[PDB]
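Structure file final_0.cif with mmCIF, C-alpha atoms and all ligand atoms:
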data_run
loop_
_atom_site.label_atom_id
_atom_site.label_comp_id
_atom_site.auth_asym_id
_atom_site.auth_seq_id
_atom_site.Cartn_x
_atom_site.Cartn_y
_atom_site.Cartn_z
CA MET A 1 14.95 -13.67 55.20
CA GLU A 2 12.97 -13.47 58.43
CA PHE A 3 14.62 -13.99 61.79
CA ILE A 4 14.58 -17.76 62.39
CA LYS A 5 13.45 -18.47 65.98
CA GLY A 6 14.27 -22.14 65.90
CA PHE A 7 14.97 -25.15 68.07
CA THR A 8 16.43 -28.53 67.12
CA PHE A 9 14.16 -31.53 67.76
CA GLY A 10 14.46 -35.27 67.36
CA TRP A 11 18.21 -35.89 67.65
CA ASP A 12 17.51 -38.75 70.10
CA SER A 13 14.97 -40.47 67.88
CA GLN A 14 14.99 -44.01 66.51
CA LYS A 15 12.54 -46.19 64.60
CA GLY A 16 9.19 -45.83 66.35
CA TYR A 17 9.83 -42.68 68.39
CA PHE A 18 7.83 -40.35 66.15
CA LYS A 19 4.60 -42.36 66.38
CA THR A 20 4.35 -42.27 70.21
CA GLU A 21 2.42 -39.39 71.79
CA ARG A 22 5.33 -38.54 74.10
CA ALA A 23 6.99 -37.13 70.96
CA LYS A 24 3.99 -34.94 70.11
CA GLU A 25 3.90 -33.74 73.72
CA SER A 26 7.60 -32.82 73.78
CA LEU A 27 7.13 -30.82 70.57
CA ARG A 28 4.26 -28.80 72.08
CA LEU A 29 6.23 -28.17 75.29
CA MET A 30 9.12 -26.99 73.10
CA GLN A 31 6.98 -24.49 71.21
CA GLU A 32 5.19 -23.26 74.33
CA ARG A 33 8.22 -22.85 76.62
CA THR A 34 10.65 -21.33 74.07
CA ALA A 35 8.33 -19.54 71.57
CA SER A 36 10.17 -21.23 68.69
CA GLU A 37 8.65 -20.57 65.26
CA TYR A 38 10.92 -23.13 63.55
CA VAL A 39 11.77 -26.75 64.33
CA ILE A 40 14.99 -28.23 62.95
CA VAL A 41 14.44 -31.99 62.57
CA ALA A 42 17.99 -33.36 62.95
CA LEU A 43 18.36 -36.97 61.81
CA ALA A 44 21.44 -39.09 61.33
CA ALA A 45 22.19 -42.04 59.10
CA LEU A 46 25.10 -44.37 59.94
CA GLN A 47 28.27 -45.52 58.26
CA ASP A 48 30.64 -48.02 59.85
CA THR A 49 33.69 -45.76 60.08
CA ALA A 50 34.88 -42.38 58.92
CA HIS A 51 36.41 -44.21 55.92
CA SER A 52 33.45 -46.33 54.77
CA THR A 53 31.35 -45.64 51.71
CA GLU A 54 27.90 -47.04 52.60
CA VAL A 55 25.45 -44.62 54.26
CA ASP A 56 22.60 -46.50 55.96
CA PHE A 57 19.25 -44.80 56.57
CA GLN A 58 16.94 -47.85 56.71
CA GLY A 59 18.17 -49.46 59.95
CA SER A 60 16.35 -48.77 63.22
CA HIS A 61 18.58 -45.88 64.32
CA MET A 62 16.54 -43.86 61.76
CA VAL A 63 12.84 -43.02 61.94
CA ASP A 64 10.71 -44.53 59.17
CA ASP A 65 9.48 -42.27 56.38
CA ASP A 66 5.86 -42.49 57.54
CA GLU A 67 6.42 -41.40 61.15
CA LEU A 68 8.77 -38.67 59.93
CA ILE A 69 6.13 -37.34 57.51
CA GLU A 70 3.59 -37.53 60.32
CA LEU A 71 5.83 -35.68 62.80
CA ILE A 72 6.47 -32.94 60.23
CA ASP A 73 2.76 -32.58 59.43
CA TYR A 74 1.96 -32.40 63.13
CA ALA A 75 4.62 -29.72 63.59
CA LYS A 76 3.15 -27.62 60.79
CA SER A 77 -0.33 -28.16 62.26
CA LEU A 78 1.01 -26.32 65.36
CA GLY A 79 2.13 -23.25 63.42
CA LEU A 80 5.77 -24.39 63.23
CA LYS A 81 7.90 -24.19 60.11
CA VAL A 82 10.26 -27.09 59.44
CA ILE A 83 13.95 -27.28 58.53
CA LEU A 84 14.98 -30.84 57.67
CA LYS A 85 18.60 -31.75 58.47
CA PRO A 86 19.74 -35.27 57.57
CA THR A 87 23.40 -35.81 58.51
CA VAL A 88 25.47 -38.92 59.30
CA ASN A 89 27.20 -40.60 62.25
CA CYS A 90 29.82 -43.34 62.43
CA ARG A 91 29.17 -46.64 64.20
CA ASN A 92 32.66 -46.62 65.73
CA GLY A 93 32.03 -43.23 67.34
CA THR A 94 34.22 -41.05 65.08
CA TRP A 95 32.97 -37.49 64.60
CA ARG A 96 31.65 -37.01 61.05
CA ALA A 97 34.08 -34.06 60.65
CA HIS A 98 36.78 -36.75 60.15
CA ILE A 99 34.98 -38.53 57.28
CA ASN A 100 37.71 -38.55 54.66
CA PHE A 101 39.24 -40.45 51.75
CA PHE A 102 42.47 -40.12 49.77
CA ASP A 103 42.64 -37.29 47.25
CA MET A 104 43.60 -39.74 44.49
CA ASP A 105 41.61 -42.84 43.59
CA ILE A 106 43.74 -45.84 44.62
CA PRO A 107 43.04 -49.40 43.37
CA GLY A 108 41.08 -51.32 46.01
CA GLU A 109 40.75 -48.32 48.37
CA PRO A 110 37.46 -46.52 49.11
CA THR A 111 36.97 -43.31 47.13
CA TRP A 112 35.25 -39.95 47.40
CA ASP A 113 32.98 -40.86 44.44
CA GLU A 114 31.78 -44.04 46.17
CA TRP A 115 30.99 -42.15 49.40
CA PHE A 116 29.29 -39.21 47.70
CA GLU A 117 27.24 -41.64 45.60
CA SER A 118 25.89 -43.30 48.74
CA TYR A 119 25.55 -39.93 50.48
CA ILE A 120 23.86 -38.25 47.49
CA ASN A 121 21.31 -41.10 47.34
CA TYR A 122 20.62 -40.70 51.05
CA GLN A 123 20.14 -36.93 50.71
CA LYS A 124 17.83 -37.28 47.69
CA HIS A 125 15.56 -39.67 49.57
CA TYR A 126 15.02 -37.08 52.29
CA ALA A 127 14.91 -34.15 49.86
CA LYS A 128 11.85 -35.87 48.32
CA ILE A 129 10.28 -36.00 51.82
CA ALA A 130 11.11 -32.31 52.35
CA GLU A 131 9.36 -31.47 49.07
CA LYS A 132 6.22 -33.52 49.74
CA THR A 133 5.86 -32.01 53.25
CA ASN A 134 6.70 -28.46 52.06
CA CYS A 135 9.61 -27.97 54.46
CA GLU A 136 10.95 -24.42 54.45
CA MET A 137 14.66 -25.35 54.44
CA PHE A 138 16.82 -28.41 53.82
CA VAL A 139 20.37 -28.88 55.22
CA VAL A 140 22.52 -30.99 52.88
CA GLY A 141 25.41 -31.48 55.30
CA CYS A 142 26.58 -30.83 58.83
CA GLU A 143 30.12 -30.21 60.13
CA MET A 144 31.74 -32.17 57.29
CA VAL A 145 35.03 -30.37 57.90
CA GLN A 146 37.40 -32.70 56.05
CA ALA A 147 34.95 -33.30 53.18
CA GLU A 148 34.36 -29.59 52.51
CA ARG A 149 37.42 -29.32 50.22
CA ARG A 150 35.67 -31.64 47.69
CA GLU A 151 33.89 -28.67 46.18
CA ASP A 152 32.77 -30.18 42.87
CA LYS A 153 31.11 -33.09 44.71
CA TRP A 154 29.22 -30.78 47.05
CA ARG A 155 28.09 -28.79 43.96
CA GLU A 156 27.01 -32.03 42.31
CA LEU A 157 25.12 -33.01 45.48
CA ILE A 158 23.38 -29.63 45.74
CA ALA A 159 22.25 -29.86 42.12
CA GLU A 160 20.91 -33.37 42.78
CA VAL A 161 18.99 -32.03 45.80
CA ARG A 162 17.43 -29.18 43.79
CA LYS A 163 16.08 -31.77 41.36
CA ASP A 164 13.91 -33.12 44.20
CA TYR A 165 13.31 -30.05 46.38
CA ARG A 166 12.40 -26.48 45.44
CA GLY A 167 12.77 -24.80 48.86
CA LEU A 168 15.66 -23.12 50.65
CA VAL A 169 18.92 -25.09 50.65
CA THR A 170 21.86 -24.57 53.01
CA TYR A 171 24.91 -26.38 54.36
CA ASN A 172 25.92 -26.47 58.05
CA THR A 173 29.61 -25.86 58.53
CA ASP A 174 31.43 -26.42 61.81
CA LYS A 175 32.62 -23.72 64.23
CA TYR A 176 35.46 -21.54 62.86
CA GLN A 177 35.05 -23.19 59.41
CA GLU A 178 32.69 -20.65 57.78
CA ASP A 179 35.33 -19.70 55.18
CA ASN A 180 36.38 -23.34 54.68
CA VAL A 181 33.40 -23.80 52.32
CA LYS A 182 33.92 -22.43 48.79
CA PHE A 183 30.53 -23.45 47.36
CA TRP A 184 28.33 -20.95 49.21
CA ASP A 185 27.29 -19.37 45.91
CA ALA A 186 25.41 -22.61 45.13
CA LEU A 187 23.27 -22.45 48.32
CA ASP A 188 20.49 -20.12 49.44
CA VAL A 189 21.59 -19.67 53.07
CA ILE A 190 24.95 -19.79 54.87
CA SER A 191 24.91 -21.55 58.23
CA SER A 192 27.31 -22.86 60.82
CA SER A 193 27.45 -24.61 64.19
CA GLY A 194 27.95 -21.46 66.24
CA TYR A 195 29.56 -23.09 69.31
CA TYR A 196 31.61 -20.09 70.28
CA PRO A 197 33.02 -19.28 73.74
CA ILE A 198 31.11 -16.91 76.03
CA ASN A 199 34.11 -14.52 76.05
CA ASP A 200 35.05 -14.51 72.35
CA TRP A 201 31.90 -13.53 70.46
CA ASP A 202 33.26 -10.18 69.21
CA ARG A 203 36.32 -11.53 67.44
CA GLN A 204 34.30 -14.45 66.06
CA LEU A 205 31.31 -12.43 64.88
CA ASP A 206 33.63 -9.94 63.15
CA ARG A 207 35.42 -12.78 61.33
CA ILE A 208 32.13 -14.35 60.19
CA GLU A 209 30.71 -11.01 59.06
CA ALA A 210 33.51 -10.52 56.54
CA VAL A 211 32.97 -14.06 55.24
CA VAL A 212 29.23 -13.51 54.76
CA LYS A 213 29.73 -10.20 52.91
CA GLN A 214 31.70 -12.08 50.25
CA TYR A 215 28.45 -13.74 49.28
CA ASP A 216 24.85 -13.11 48.28
CA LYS A 217 23.28 -14.75 51.24
CA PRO A 218 21.50 -14.60 54.58
CA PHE A 219 23.20 -16.34 57.49
CA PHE A 220 22.10 -18.09 60.65
CA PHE A 221 23.40 -20.43 63.34
CA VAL A 222 21.50 -23.58 62.34
CA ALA A 223 23.00 -25.03 65.53
CA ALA A 224 24.00 -23.32 68.77
CA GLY A 225 23.67 -24.15 72.44
CA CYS A 226 25.33 -25.09 75.68
CA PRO A 227 25.05 -27.85 78.29
CA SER A 228 24.10 -26.86 81.85
CA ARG A 229 27.55 -27.82 83.02
CA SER A 230 30.56 -26.09 84.61
CA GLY A 231 33.12 -25.23 81.97
CA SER A 232 30.68 -25.62 79.08
CA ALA A 233 30.35 -21.86 78.45
CA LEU A 234 33.95 -21.83 77.26
CA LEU A 235 33.53 -25.05 75.17
CA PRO A 236 29.80 -25.30 74.38
CA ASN A 237 30.31 -27.85 71.59
CA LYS A 238 31.94 -30.50 73.79
CA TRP A 239 29.08 -32.81 74.80
CA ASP A 240 31.31 -35.24 76.77
CA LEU A 241 32.87 -32.37 78.76
CA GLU A 242 33.37 -33.44 82.36
CA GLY A 243 32.00 -30.89 84.84
CA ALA A 244 29.49 -30.57 87.68
CA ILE A 245 25.85 -29.72 87.02
CA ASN A 246 25.42 -25.98 86.55
CA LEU A 247 22.12 -24.51 85.33
CA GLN A 248 23.32 -20.94 85.81
CA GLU A 249 26.21 -21.40 83.40
CA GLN A 250 23.81 -22.41 80.62
CA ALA A 251 21.63 -19.34 81.27
CA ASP A 252 24.66 -17.03 81.23
CA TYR A 253 25.72 -18.54 77.90
CA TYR A 254 22.38 -17.79 76.23
CA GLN A 255 22.12 -14.30 77.73
CA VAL A 256 25.57 -13.38 76.40
CA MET A 257 24.96 -15.02 73.01
CA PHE A 258 21.70 -13.19 72.26
CA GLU A 259 23.15 -9.92 73.55
CA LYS A 260 26.16 -10.21 71.23
CA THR A 261 24.29 -11.39 68.12
CA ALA A 262 21.32 -9.03 68.52
CA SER A 263 23.45 -6.07 67.48
CA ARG A 264 24.55 -7.94 64.31
CA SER A 265 21.88 -7.67 61.62
CA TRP A 266 23.37 -10.37 59.35
CA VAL A 267 22.89 -12.93 62.16
CA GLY A 268 19.55 -14.27 60.99
CA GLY A 269 18.45 -16.79 63.60
CA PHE A 270 19.13 -19.98 65.54
CA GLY A 271 18.52 -23.70 65.53
CA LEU A 272 19.19 -24.17 69.23
CA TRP A 273 20.77 -27.49 70.10
CA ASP A 274 18.54 -29.68 71.35
CA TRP A 275 15.07 -30.40 72.55
CA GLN A 276 14.86 -34.13 73.03
CA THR A 277 12.03 -36.25 71.62
CA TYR A 278 11.79 -38.18 74.90
CA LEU A 279 12.02 -35.16 77.19
CA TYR A 280 12.97 -35.61 80.84
CA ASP A 281 10.51 -34.88 83.65
CA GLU A 282 10.58 -31.23 84.64
CA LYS A 283 11.30 -32.36 88.21
CA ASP A 284 14.73 -33.67 87.11
CA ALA A 285 15.80 -30.54 85.19
CA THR A 286 17.71 -29.25 88.24
CA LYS A 287 19.95 -32.33 88.05
CA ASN A 288 20.23 -32.49 84.22
CA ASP A 289 23.66 -31.58 82.83
CA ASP A 290 22.69 -31.86 79.13
CA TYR A 291 22.00 -29.35 76.33
CA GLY A 292 18.29 -29.53 77.18
CA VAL A 293 16.67 -26.30 78.28
CA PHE A 294 13.33 -27.63 79.58
CA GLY A 295 12.66 -26.61 83.18
CA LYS A 296 15.96 -24.68 83.48
CA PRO A 297 16.60 -20.94 83.84
CA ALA A 298 17.82 -20.74 80.23
CA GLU A 299 14.35 -21.79 79.04
CA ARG A 300 13.11 -18.36 80.13
CA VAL A 301 16.00 -16.44 78.53
CA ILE A 302 15.20 -18.03 75.15
CA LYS A 303 11.43 -17.50 75.48
CA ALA A 304 11.87 -13.83 76.33
CA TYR A 305 14.41 -13.11 73.59
CA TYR A 306 12.49 -14.98 70.89
CA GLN A 307 9.38 -13.12 72.06
CA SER A 308 11.22 -9.80 71.80
CA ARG A 309 12.11 -10.32 68.14
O1 LIG A 401 25.56 -48.25 72.42
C1 LIG A 401 25.13 -48.10 73.27
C2 LIG A 401 24.12 -47.20 74.07
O2 LIG A 401 24.58 -45.94 73.44
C3 LIG A 401 23.49 -45.13 72.79
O3 LIG A 401 24.04 -44.15 72.02
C4 LIG A 401 24.95 -42.99 71.82
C5 LIG A 401 26.00 -42.95 70.75
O4 LIG A 401 26.96 -44.04 70.94
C6 LIG A 401 26.76 -41.67 70.68
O5 LIG A 401 27.60 -41.56 71.83
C7 LIG A 401 25.83 -40.47 70.64
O6 LIG A 401 26.53 -39.30 70.60
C8 LIG A 401 26.13 -37.93 70.54
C9 LIG A 401 26.31 -36.97 71.69
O7 LIG A 401 25.57 -37.47 72.81
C10 LIG A 401 25.86 -35.56 71.41
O8 LIG A 401 24.42 -35.51 71.33
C11 LIG A 401 26.35 -35.06 70.06
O9 LIG A 401 25.78 -33.87 69.77
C12 LIG A 401 26.41 -33.05 68.76
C13 LIG A 401 26.06 -33.31 67.33
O10 LIG A 401 26.71 -34.54 66.88
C14 LIG A 401 26.46 -32.17 66.46
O11 LIG A 401 27.87 -31.97 66.62
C15 LIG A 401 25.79 -30.90 66.93
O12 LIG A 401 26.09 -29.87 66.09
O13 LIG A 401 26.28 -30.59 68.31
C16 LIG A 401 25.90 -31.68 69.23
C17 LIG A 401 26.39 -31.37 70.62
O14 LIG A 401 27.78 -31.23 70.58
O15 LIG A 401 25.94 -36.04 69.01
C18 LIG A 401 26.61 -37.31 69.22
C19 LIG A 401 26.28 -38.16 68.03
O16 LIG A 401 26.83 -37.58 66.88
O17 LIG A 401 24.95 -40.46 71.85
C20 LIG A 401 24.13 -41.69 71.98
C21 LIG A 401 23.45 -41.66 73.32
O18 LIG A 401 24.16 -40.82 74.20
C22 LIG A 401 22.53 -45.98 71.96
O19 LIG A 401 23.24 -46.56 70.85
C23 LIG A 401 21.88 -47.05 72.78
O20 LIG A 401 21.46 -47.68 71.73
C24 LIG A 401 22.95 -47.97 73.51
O21 LIG A 401 22.18 -48.57 74.61
#

What does the file become when written as structure tokens?
Amino acid sequence: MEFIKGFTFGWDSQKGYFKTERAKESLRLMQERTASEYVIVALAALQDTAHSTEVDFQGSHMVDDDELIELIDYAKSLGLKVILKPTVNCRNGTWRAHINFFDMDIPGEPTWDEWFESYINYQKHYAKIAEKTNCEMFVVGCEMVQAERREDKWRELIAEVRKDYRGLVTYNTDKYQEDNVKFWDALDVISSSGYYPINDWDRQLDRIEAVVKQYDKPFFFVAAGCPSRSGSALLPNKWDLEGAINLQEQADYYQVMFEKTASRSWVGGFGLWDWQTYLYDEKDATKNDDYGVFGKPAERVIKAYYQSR
């Protein structure tokens, strides 16, 4: 598989965002300033809590099918390939990694089968969209740490997705969880949220290597990145981390990350975390403490490295 030079887009979007021309502008800025050849459209449905069974993708937190199809078409019209990544959030704030139900089915309690039924139906709806728009890859799940043990249900879900979509299929595991998934044989690509510390890449890359070699498959970090924020380089996943603005720390993180993964041939690309739909003004970049890379010194590290591959 070719080296995926990718960037995540659209995580901030809601109903209506993908029609506006600000969205089309942001996408062109993203491609121009980073040299990304892939866009990872990251969307999120909602369930009430980590222990609810209804997954809701029709409410206004979610873009409508028509503006999504349009945004994808527009992306491909710019020479960008498209990975579609529908995951799920909780309305009470709980990280999806905690979505969980009892092992046994208990009378009157929510069950794994009820959740997976709602979640399968959600995935199939977007797998049909991925097929009609000829997306290159489709991500059936993201950081579902406590659900990953339910292997037969993930295998059932992947089969259901293949009925609608004939392209590449992967699953996005969380950091340090690459061997927590036992259904990699059923996917085409292995991927993880590579939020590893700036000073621990060697140990982590060596662990992941041995996990990948147990399987048939290419690997890439479908998510990776770092806020421009003091302390983030050691904990790049923690989006609510409290620390002063620090653009240089974000640039150091990307420099180190590309340097360490460039020597590893099984590391097959990136879906850098994120490029916002409603991008800030480049004048305010110097005071932005978010994952965004627009107008910041890390923007040039990514452009150069992606342009070197
Ligand atoms: O309700 C009120 C006010 O809030 C607005 O929304 C929130 C929302 O409540 C929630 O906090 C949401 O969280 C984010 C977070 O900002 C990060 O982007 C985070 O990211 C991670 C992602 O989940 C994956 O782990 C990925 O791999 O790594 C990312 C970085 O770690 O994603 C969280 C959601 O899962 O942020 C928004 C806005 O900040 C709106 O509801 C608005 O309506 C209302 O006025």

* Throw together the list of residues within 9 Å of ligand LIG 401 (chain A), counting all atoms listed in the file, and drop it here as a PyMOL selection string. => chain A and resi 11-12+44+61+88-97+142-143+172+174+192-195+222-227+236-240+273-274+290-291

Write a file of the just-selected residues containing C-alpha atoms, as a CSV table (one decimal), keeping the file's coordinate frame.
chain,number,residue,atom,x,y,z
A,11,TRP,CA,18.2,-35.9,67.6
A,12,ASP,CA,17.5,-38.8,70.1
A,44,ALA,CA,21.4,-39.1,61.3
A,61,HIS,CA,18.6,-45.9,64.3
A,88,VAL,CA,25.5,-38.9,59.3
A,89,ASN,CA,27.2,-40.6,62.2
A,90,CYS,CA,29.8,-43.3,62.4
A,91,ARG,CA,29.2,-46.6,64.2
A,92,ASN,CA,32.7,-46.6,65.7
A,93,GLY,CA,32.0,-43.2,67.3
A,94,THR,CA,34.2,-41.0,65.1
A,95,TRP,CA,33.0,-37.5,64.6
A,96,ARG,CA,31.6,-37.0,61.0
A,97,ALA,CA,34.1,-34.1,60.6
A,142,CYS,CA,26.6,-30.8,58.8
A,143,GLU,CA,30.1,-30.2,60.1
A,172,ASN,CA,25.9,-26.5,58.0
A,174,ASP,CA,31.4,-26.4,61.8
A,192,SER,CA,27.3,-22.9,60.8
A,193,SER,CA,27.4,-24.6,64.2
A,194,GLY,CA,28.0,-21.5,66.2
A,195,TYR,CA,29.6,-23.1,69.3
A,222,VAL,CA,21.5,-23.6,62.3
A,223,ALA,CA,23.0,-25.0,65.5
A,224,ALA,CA,24.0,-23.3,68.8
A,225,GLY,CA,23.7,-24.2,72.4
A,226,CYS,CA,25.3,-25.1,75.7
A,227,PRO,CA,25.0,-27.8,78.3
A,236,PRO,CA,29.8,-25.3,74.4
A,237,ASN,CA,30.3,-27.8,71.6
A,238,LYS,CA,31.9,-30.5,73.8
A,239,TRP,CA,29.1,-32.8,74.8
A,240,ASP,CA,31.3,-35.2,76.8
A,273,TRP,CA,20.8,-27.5,70.1
A,274,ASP,CA,18.5,-29.7,71.4
A,290,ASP,CA,22.7,-31.9,79.1
A,291,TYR,CA,22.0,-29.4,76.3

* **For CA of residue 60 (chain A) and CA of residue 18 (chain A), the interatomic separation in Å (one decimal)** => 12.3 Å

* Asked: Quick one: of A:197, A:134, A:150, A:203, who's nearest to residue 232 (chain A), counting all atoms listed in the file?
  -> A:197

* Asked: Using only C-alpha atoms, can you list as a PyMOL selection string the residues within 10 Å of (31.9, -32.0, 47.9)?
  -> chain A and resi 112-113+116+141+144+146-158+181-183

* Find, counting only C-alpha atoms, the residue in A:99, A:169, A:302, A:205 that gets nearest to residue 267 (chain A). => A:205

* Asked: What lies within 12 Å of residue 14 (chain A) using only C-alpha atoms, ignoring chain neighbours under 4 positions off, as an MDAnalysis selection string?
  -> chainID A and resid 10 18:20 23 42:45 57:65 67:68 276:278

* Asked: Hey, can you check how far CA of residue 136 (chain A) sits from CA of residue 82 (chain A)?
  ->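 These atoms are spaced 5.7 Å apart.
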
* To do: Give me, please, the distance in Å between CA of residue 303 (chain A) and CA of residue 262 (chain A), quoted to one decimal.
  =>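 Between CA of residue 303 (chain A) and CA of residue 262 (chain A) the gap works out to 14.8 Å.
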
* To do: Show which residues sit within 9 Å of residue 35 (chain A), as a VMD selection string. Count all atoms listed in the file, and ignore same-chain residues fewer than 2 positions away.
  => chain A and resid 5 to 6 30 to 33 37 302 to 304 306 to 307

* Residue contacts of residue 207 (chain A) (12 Å, all atoms listed in the file) excluding same-chain residues fewer than 3 positions away, as a list in words ->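 Using all atoms listed in the file, the neighbours found are residues 175, 176, 177, 178, 179, 200, 201, 202, 203, 204, 210, 211, 212, 213 and 214 of chain A.
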
* To do: Using only C-alpha atoms, determine which residues lie at most 7 Å from residue 41 (chain A), disregarding the query and same-chain residues fewer than 4 positions distant; provide the list as an NGL selection string.
  => :A and (8-10 or 83-85)

* Near residue 286 (chain A), within 8 Å and counting all atoms listed in the file, which residues show up once chain neighbours fewer than 3 positions away are dropped, as a list in words? ->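 Here the qualifying residues turn out to be residues 247, 283, 295 and 296 of chain A.
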
* **For residue 257 (chain A), the nearest of the candidates A:301, A:275, A:166, A:29, counting all atoms listed in the file** =>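 Using all atoms listed in the file, the shortest distance to residue 257 (chain A) belongs to A:301.
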
* To do: Would you kindly identify which residues have an atom no farther than 10 Å from (24.9, -18.0, 51.6), using only C-alpha atoms and the file's own coordinates, and write them out as a ChimeraX atom specification?
  => /A:169-171,183-191,211-220

* Nearest to residue 266 (chain A): which of A:196, A:254, A:74, A:221 is it, counting all atoms listed in the file? ->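 Using all atoms listed in the file, residue 266 (chain A) sits closest to A:221.
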
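Compared by their closest atoms to residue 73 (chain A), and using only C-alpha atoms, the residues A:133, A:299, A:40, A:287 rank with A:133 nearest.
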